[PDB]
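So the number in the working numbering is just where the residue sits in the sequence shown, counting from 1, plus 671. Below you'll find the structure, written out as structure tokens, and then a few comments.
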Amino acid sequence: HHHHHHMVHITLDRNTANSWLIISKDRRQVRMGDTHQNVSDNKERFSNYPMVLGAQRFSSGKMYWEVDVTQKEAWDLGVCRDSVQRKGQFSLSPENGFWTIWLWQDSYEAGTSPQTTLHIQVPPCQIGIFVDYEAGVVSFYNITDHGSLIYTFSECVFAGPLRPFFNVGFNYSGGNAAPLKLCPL
Ligand SMILES: CS(=O)(=O)NCCc1ccccc1
Numbered sequence: 672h673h674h675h676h677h678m679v680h681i682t683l684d685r686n687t688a689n690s691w692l693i694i695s696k697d698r699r700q701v702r703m704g705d706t707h708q709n710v711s712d713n714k715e716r717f718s719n720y721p722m723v724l725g726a727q728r729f730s731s732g733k734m735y736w737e738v739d740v741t742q743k744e745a746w747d748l749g750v751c752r753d754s755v756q757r758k759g760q761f762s763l764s765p766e767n768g769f770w771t772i773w774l775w776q777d778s779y780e781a782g783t784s785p786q787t788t789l790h791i792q793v794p795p796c797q798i799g800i801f802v803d804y805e806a807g808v809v810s811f812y813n814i815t816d817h818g819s820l821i822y823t824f825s826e827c828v829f830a831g832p833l834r835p836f837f838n839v840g841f842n843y844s845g846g847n848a849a850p851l852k853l854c855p856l
């Protein structure tokens, strides 16, 4: 892929974070805390899962960013509508306003309904996310494996502004404490 030149500087929006998340000073890293992080509740915060949004909103154009997932056992990444549900239980699907992939229990899957098995030969340490708003495309790239394609959502019906979407995953195992990091341009 030659999408690198649509690179955008993403920062995390503290106000949207689940109350257990710890976002770094530079708003470029997020990890699961071992307790509630002493913030007030608000209607924006994801309540049921360790999720957070990027601050940036996209309604046109081509955008690209990269995320470090080194030594995590579980995470979700992609984009979502600004209007997605924040409270209660829900599935990650385009019908609910999400265009995502994930790692869970040693397999990679795309967040279709039902989910799609991904075929990755080289476990990624960094993921590239490309959005073409006008074309209705969200693509995922394996930066560890020379930028190889992971998955393309096409015919996307965004139906609103998009925000970068992150889930650091649960850390029930003690093996998933590591952060998600936005990688430099
Ligand atoms: C073992 S743990 O640290 O990952 N426990 C997390 C508890 C939690 C439940 C729902 C949403 C956010 C956090």
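Just so it is clear, CB atoms sit at the ideal spot from N, CA and C, and this is done for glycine as well.
Using a 10 Å radius around the Cβ and a threshold of 16 neighbouring Cβ atoms, would you call residue 857 buried or exposed?
Here the chain covers residues 672 to 856 and nothing more, so residue 857 does not appear.
Where do the N-terminal and C-terminal ends of the beta strand (DSSP E) with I694 fall, by residue?
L692 to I694
Need the endpoints of the beta strand (DSSP E) that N813 sits in, please.
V808 to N813
Around the C-beta of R728, are 16 or more other C-beta atoms found within 10 angstroms, so that it is buried, or is it exposed?
exposed
Along the beta strand (DSSP E) that carries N838, what are the first and last residues, could you check?
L833 to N838
So, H672 versus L856, is the Cβ gap smaller than 8 Å?
no
Whole beta strand (DSSP E) runs in the region 732-803 with 3 or more residues, listed along the chain?
733-739, 746-752, 769-775, 778-781 and 797-803
Take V828 as the anchor and find which of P765, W736 and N719 has the nearest alpha-carbon.
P765
The beta strand (DSSP E) with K852 in it runs from where to where?
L851 to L853
Backbone CA spacing between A781 and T682 [nearest angstrom]:
24 Å
Is it true that the region 844-852 meets the region 754-763, where meeting means three or more beta-carbon pairs spaced less than 8 Å apart?
no
How many whole angstroms separate the CB atoms of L833 and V750, which I take to be in contact at a CB cut-off of 8 Å?
5 Å
If you drop the 5 nearest sequence neighbours on each side, which residues of the same chain put their C-beta closer than 6 Å to that of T741?
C796
If you count every other CB in all the chains shown that lies within 10 Å of the CB of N842, and 16 or more means buried, which is it?
buried
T823, DSSP secondary structure in three states:
strand
With a threshold of 7 Å (Cβ to nearest heavy atom), would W691 be considered close to ligand 1?
yes
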